[PDB]
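Reading the structure
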Amino acid sequence: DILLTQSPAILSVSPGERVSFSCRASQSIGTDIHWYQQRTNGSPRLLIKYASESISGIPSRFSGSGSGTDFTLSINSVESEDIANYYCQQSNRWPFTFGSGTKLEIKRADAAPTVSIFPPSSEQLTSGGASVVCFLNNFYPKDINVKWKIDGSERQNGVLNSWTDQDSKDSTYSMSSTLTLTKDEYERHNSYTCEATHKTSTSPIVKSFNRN
Amino acid sequence: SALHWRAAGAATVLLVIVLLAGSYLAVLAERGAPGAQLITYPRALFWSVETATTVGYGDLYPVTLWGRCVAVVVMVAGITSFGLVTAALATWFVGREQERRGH
Amino acid sequence: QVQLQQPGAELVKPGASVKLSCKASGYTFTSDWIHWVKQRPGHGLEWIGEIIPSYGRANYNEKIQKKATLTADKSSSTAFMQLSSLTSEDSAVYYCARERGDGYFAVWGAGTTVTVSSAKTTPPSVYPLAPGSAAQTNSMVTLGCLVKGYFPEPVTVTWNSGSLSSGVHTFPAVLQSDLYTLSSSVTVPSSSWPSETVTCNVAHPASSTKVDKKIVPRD
Ligand SMILES: CCCCCCCCCCCCCC(=O)O[C@@H](CO)COC(=O)CCCCCCCC
Ligand SMILES: CCCCCCCCCO
Ligand SMILES: [K+]
Ligand SMILES: [K+]
Ligand SMILES: [K+]
Ligand SMILES: [K+]
Ligand SMILES: [K+]
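Deposited coordinates in this entry are attributed by the record to X-ray crystallography, at a stated resolution of 3.2100 Å.

Quick look at the structure:
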């Protein structure tokens, strides 16, 4: 087969700037290379056909060049919506092959998180147990520390954290922290906290509530 | 409208048909054999014209038995077409010379 | 419009056959091939096989396991893939793409998240999240909804019949013994809610469940 190599797998760039993905085929294939885009839980988007030809609905932001064994996909002025995975695919010999892929990161300005905490509902307790959810939205960089401390005493179990990818709406990041307790334990307390600690805040950014 | 003309015409029509069908069938036979370069239609077309008109560049030769049978079909059809048009021209000139004289 | 149409998800007990369907509106030429692309979680795209319906010929990736079988349908313009007898490695999103015989995949399908597990289907249960019984927000108020206790993947989650994306940060699923759990966030101007309405539409393309619930504030 034809080996398509995409170096590097991760490429970080600041907004409004020209990123250049690269694809290298294991033998000369002319211009029979095609660039696709895929975002998180998305499907592939045909960006470029035959190395350097445009597709309707694709911005002039996207170019595409190269021929033979070396091919390039360029973006003048990257913006948050471009945050995706980029593949090359060849159609010069059978079978068609894909590339290993390449991720676009946007290094943006630093952003402190938006913190939010949520008690259980009148269907979740009406159906039994309880869960207290805590969001940390649109922060940058992606490094942040969730903290669950009940009655002051730090709780460590049942903390199912979950992290977004880089948000392709504004180059930010988000995180949720599920903490699940059946009301057997939920009813015999009344103090639930959720702190975070980001590169932008030396102090903890906290949220809490009461069952009253 | 005689016959040599009324046969060259049919040869041309049938050649066009064979170029199209050969493009299609060549793609249909080449896909599936690893290493086959003859696997898209627009170039199976130009390969069919380069093969029927006995040029043979050699950059998109078929690599499978059925693809090669298709190639032989295209070759024979193109050779027949052009030899038959040559016969037609020869008959036309013979006629015009059987008139510059008499017989 | 939307042309290739794929079922959202399939669950198969580890060993049976699974038959994936891809149905195409739009143009349907005779020079259309139909390709399949396996995308494992955390992996890239991997070409599986192609088929031309206006003749019925199929090619299969001879470099990876060739268990499958592509078949065609004369009229309705629908193609099938026969992934039979699998392990837990054959669990991926399976795309079908249309190629005009000129090499590139013009249009893709939404994909089919195929799951291999001895378990059975458990629909979710959605519990909403208005801001705490008394917490102070700003010009933008943030809501959310919890979708837990479900099997298998995925869950389509939208806000207001899909008509809203302003501040929607949906989070990946988590493991919690045989069932899932994930949250969806939404951020609207507090100049709106609750002085307007916010429902969330959560489909589970496996148990086939639309579920809704408006987000009304805590008293
Ligand atoms: C002793 C005298 C020898 C005379 C020649 C005999 C040739 C052998 C049989 C020819 C086909 C056998 C197929 C086989 O086992 O080969 C296939 C195996 O993959 C691939 O075929 C090929 O790729 C060869 C295709 C040849 C096409 C020729 C068309 C002529 C009009
Ligand atoms: C002479 C024309 C032969 C038709 C070849 C069909 C290709 C099938 C290969 O699997
Ligand atoms: K010649
Ligand atoms: K020649
Ligand atoms: K030659
Ligand atoms: K040569
Ligand atoms: K000659």
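1. Comments concerning the state of the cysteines
On inspection of all chains with the given rule, the structure shows three disulfides over all chains. A sulfur-sulfur distance of 2.1 Å marks the disulfide that ties A:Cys23 to A:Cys88. Residues A:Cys23 and A:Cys88 are joined by a disulfide whose S-S torsion is about 80°; by sign, that bridge is right-handed. Linking A:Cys23 in strand β3 (residues 19-25) with A:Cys88 in strand β8 (residues 85-90), this pair joins segments that are 65 residues apart in sequence. Of the two residues examined, A:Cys23 and A:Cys88, each falls in the buried class. Here C:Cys200 is not cross-linked by a disulfide; its sulfur's nearest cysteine counterpart is in C:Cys145, at 3.4 Å.

2. Observations concerning the domain arrangement of chain C
It is common to give the size of an interface as the accessible area that goes away when the parts come together. All names here are of chain C. By domain assignment, chain C separates into domain 1 (4-116) and domain 2 (125-214). Between the C-alpha centres of domain 1 and domain 2 there is a distance of 32 Å. In this complex, domain 1 contributes five residues to the contact, which on the side of domain 2 involves five residues. Where domain 1 abuts domain 2, roughly 400 Å² becomes buried across the two surfaces, and 75% of that area is made up of carbon and sulfur atoms. The three residues of domain 1 that bury the most area against domain 2 are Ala 9, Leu 11 and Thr 115, which together make up 69% of that side's buried surface. For the interface between domain 1 and domain 2, the tally reads zero salt bridges. At the level of secondary structure, the elements contributing two or more residues to the side of domain 1 that touches domain 2 comprise β2 (9-12) and β11 (112-116).

3. Here we look at the coordination of the potassium ion (ligand 4)
All names here are of chain B. Here the potassium ion (ligand 4) is held by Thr 54 (O) and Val 55 (O), and the distances to it run 2.7 to 2.8 Å. Here the potassium ion (ligand 4) and the potassium ion (ligand 3) are spaced 3.8 Å apart, and both take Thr 54 as a donor. The exposure class of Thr 54 is exposed, given its relative accessible area of 56%.

4. Some words on the packing of helix α2 (residues 41-52) of chain B against helix α3 (residues 65-97) of chain B
All names here are of chain B. Between α2 and α3, whose axes approach to 8 Å, the crossing angle comes to 50°. For the element pair α2 / α3, the angle class is oblique. In this structure, α2 crosses over α3, and the sense of that crossing is right-handed. Where α2 approaches α3, its residues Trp 47, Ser 48, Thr 51 and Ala 52 are matched on the opposing element by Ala 71, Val 74, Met 75, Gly 78 and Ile 79. Here the residues of the contact of α2 with α3 are counted per class, giving six nonpolar, three polar and no charged.

Conventions and cut-offs
- Residues numbered from 1 in each chain as written, not as in the entry; some residues may be left out.
- Chains lettered and ligands numbered in written order.
- Heavy atoms only, no water.
- Residues with missing side-chain atoms left out of burial classes, pairs and counts.
- Disulfide = S-S within 2.5 Å.
- Helix = DSSP H or I, 4+ residues; strand = E, 2+ residues; numbered from the N terminus.
- Buried < 20%, exposed > 50% of the residue type's maximum accessible area, 1.4 Å probe, protein only.
- Domains from an automatic or database assignment.
- Contact = heavy atoms within 4.5 Å.
- Buried area = accessible area lost by both parts, 1.4 Å probe.
- Salt bridge = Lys/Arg side-chain N within 4 Å of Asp/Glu carboxyl O.
- Donors = N, O, S within 2.8 Å, 3.2 Å for Na, K, Ca; no water.
- Axes fitted to C-alpha atoms, helices over the stretch in contact; angles between N-to-C directions.
- Parallel < 35°, antiparallel > 145°, perpendicular 65-115°, else oblique.
- Left-handed = near helix turned anticlockwise from the far one by under 90°.
- Nonpolar A, V, L, I, M, F, W, Y, C, P; charged D, E, K, R; others polar.

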